[PDB]
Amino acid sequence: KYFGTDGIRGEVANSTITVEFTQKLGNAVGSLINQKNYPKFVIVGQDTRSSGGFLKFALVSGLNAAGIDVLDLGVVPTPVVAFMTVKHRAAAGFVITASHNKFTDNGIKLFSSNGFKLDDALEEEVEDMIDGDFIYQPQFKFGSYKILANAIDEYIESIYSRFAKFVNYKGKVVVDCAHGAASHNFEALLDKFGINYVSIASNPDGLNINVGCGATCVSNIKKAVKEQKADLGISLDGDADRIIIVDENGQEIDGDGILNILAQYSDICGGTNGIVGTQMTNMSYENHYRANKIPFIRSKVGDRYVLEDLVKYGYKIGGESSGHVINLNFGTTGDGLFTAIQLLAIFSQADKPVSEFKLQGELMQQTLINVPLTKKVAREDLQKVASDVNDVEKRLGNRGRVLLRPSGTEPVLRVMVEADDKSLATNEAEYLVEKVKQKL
């Protein structure tokens, strides 16, 4: 199995990310395209990792052999490849990236012609092909390779034409691009809006992606904002599908907080009948949505579930804690750059600091206790402690909740309780911990 959690990603030459697997993957996707009679044309992009190039050309040789043409966008954020894949009539889109992962990793993200990340069924169809034989286009109609000049232009202009009328931001912004795909691309977008910004990590050398910077190292942007006495800090990850921001006091606002702000200005964000979050979304937001009559859905936690739930309910704006924010009014995937622009459009509506747009009042605190077991789990074993979870939640009322999740890969039950009162979160967590030992 090649996909699974994350989906094709590992250390270079110490994983599945070898030059031979990637060549075979390219060919396999090409064979599926030929089989399905889709356009013999795909789009490729990459982040800043030095291994990206050779892995890309490996993919390309596989594709070309299959008879598929490749248009190279070079170094662009993940959302740009999806964008061009939908805009133009490509059969699929590839991104050579390991996203937020350490610089020694890499992988491939796959998008279908509709611009969406491959689904469970499509991934297994690809894998069946990979384990098949390498196939050469039977009529010798082999594919070409072209590099698109000024590749980011279309995406930039698409975003500008939609938000130029709203954006009027005059504050000082610190931008952390993780030395990743958003390097330079993000600044070119910002210039288009005449934004006063400062870059702190837009100098890729092929080995510094996500190193002590970007969305997964929010400490960097928080210190820079304080240092620079900035009004806002925007931090993106390696492929820029993840965004985290900080306010004027260097206070972090995560994917949950960001989604809450967009929700509050959903008209400017294109409109939405509801908001999709996850099992991890802070209840302070759930309470806020209910108080303002905004439908809220907790998705089955991460990897493509937020998208499937958005489509299921006809909602447009959804996101997760890590910073993956999706707006179906414009994109088909998490987009840090596009979310940044929405935010800047929002911050232009009121003459108040960024911290005043943020959900007011202290967010709920969490207590997590990993209960070590010696035996496996299951669903019927989770139903033995259901009555005790309900008791806790009944007594917590609107001031807290319970989340029980198994590890699946190890005999461990993670018991979490989040509440307004941390003293109380830790109390009820310890209570549940004891009940599971008695019941299991």
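Quick note: we count residues from 1 along the sequence shown, nothing fancier.
- When the modelled residues of the chain are ordered by C-alpha B-factor, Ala419 sits in the lowest third.
- In this PDB entry, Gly331 carries a Cα temperature factor that places it within the highest third of its chain's modelled residues.
- The deposited CA B-factor of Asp388 belongs to the middle third of values across its chain.
- For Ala65, the recorded CA temperature factor ranks within the lowest third of the chain's modelled residues.
- Ranked by C-alpha B-factor against the other modelled residues of its chain, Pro353 falls in the lowest third.
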